[PDB]
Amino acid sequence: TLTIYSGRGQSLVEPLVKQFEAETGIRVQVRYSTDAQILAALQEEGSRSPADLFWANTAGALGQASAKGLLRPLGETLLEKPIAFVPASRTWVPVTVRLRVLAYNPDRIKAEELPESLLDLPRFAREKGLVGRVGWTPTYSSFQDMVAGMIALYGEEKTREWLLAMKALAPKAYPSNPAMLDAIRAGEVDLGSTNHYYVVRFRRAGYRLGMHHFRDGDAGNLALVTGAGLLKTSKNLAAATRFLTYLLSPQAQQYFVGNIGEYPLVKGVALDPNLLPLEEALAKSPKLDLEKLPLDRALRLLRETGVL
């Protein structure tokens, strides 16, 4: 048997788990919860936890688990598979990466006019007369990561300035990224920060949608790393390691880029046009320790500014 605690969504995970089970004969039980809830549970359970693996939606959650000493060091065979994003701790393996990007309506917005920094987006919107025509997703986990990245790069006060300047635009808040991109398509708003794969999915369906990257190193290009780690409490380490190895296999990695639209981290997969090279995504991303993103400070700041 194998028990996985998954902070990743059931619709994304289940097909891979079902396939693993079918091909190895290993019985897999999955708990579907949030990264945050899983962290709380593992702290609660202590040495008592039934979990073998933590498959997280975020590097930040794996960093936390590592910091709490929950994760088992991984070996070089596994850790040499991913092209990039291997944590310093070497206590979990990265599995995919996703990028913050700026989606926009190309009929209303000229690519060449967009700012090279996310920090200058509010000034752009003001100048271009986009009051009420900017979208955002304040309740969305990756938006909150992006705000955390801004705090890490620029400090809380510059981030506060940006948040209040965004608020001053009377932006429209959407409950989901597809809702926001539908609104961009519809011309209700002209641009909004999102994850790259939402744009990919819209383009695969036939919808022309702009995707803007900020200059290399900008907070607006935050790399959103997913990954998995072996829990020290695991009584099924061999089976768990086999599953981690499977997640980094070409067929699983093809599922990630194809079915999900995320960046795969290994060679031997057929790569998208709607993606820039993986090496370029890394180059463009802000240079931060992704295990230490100050998410708690971001949430506090979002509440204090009235954004949340």
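Just count from 1 along the sequence shown to find any residue number.
Taking only CA atoms, the mean B-factor in the PDB entry is higher for 273-281 than for the other of 29-37 and 273-281. Higher mean CA temperature factor, per the PDB entry, when comparing 123-131 with 209-217: 123-131.
Each of 75, 178, 227, 192 has a CA temperature factor in the record; the biggest one is found at 75. Of the candidates 203, 158, 235, 196, the PDB record gives 235 the highest C-alpha temperature factor. Per the PDB record, residue ranking by Cα B-factor puts residue 137 in the middle third of the chain. Per the deposited record, the Cα B-factor of residue 104 falls in the lowest third when ranked against the other modelled residues of its chain. Annotation for residue 116: C-alpha temperature factor in the middle third relative to the rest of the modelled chain, per the entry. Among all modelled residues in its chain, residue 307 ranks in the middle third by Cα B-factor. In the PDB entry, a CA B factor belonging to the highest third of its chain's modelled residues is recorded for residue 85.
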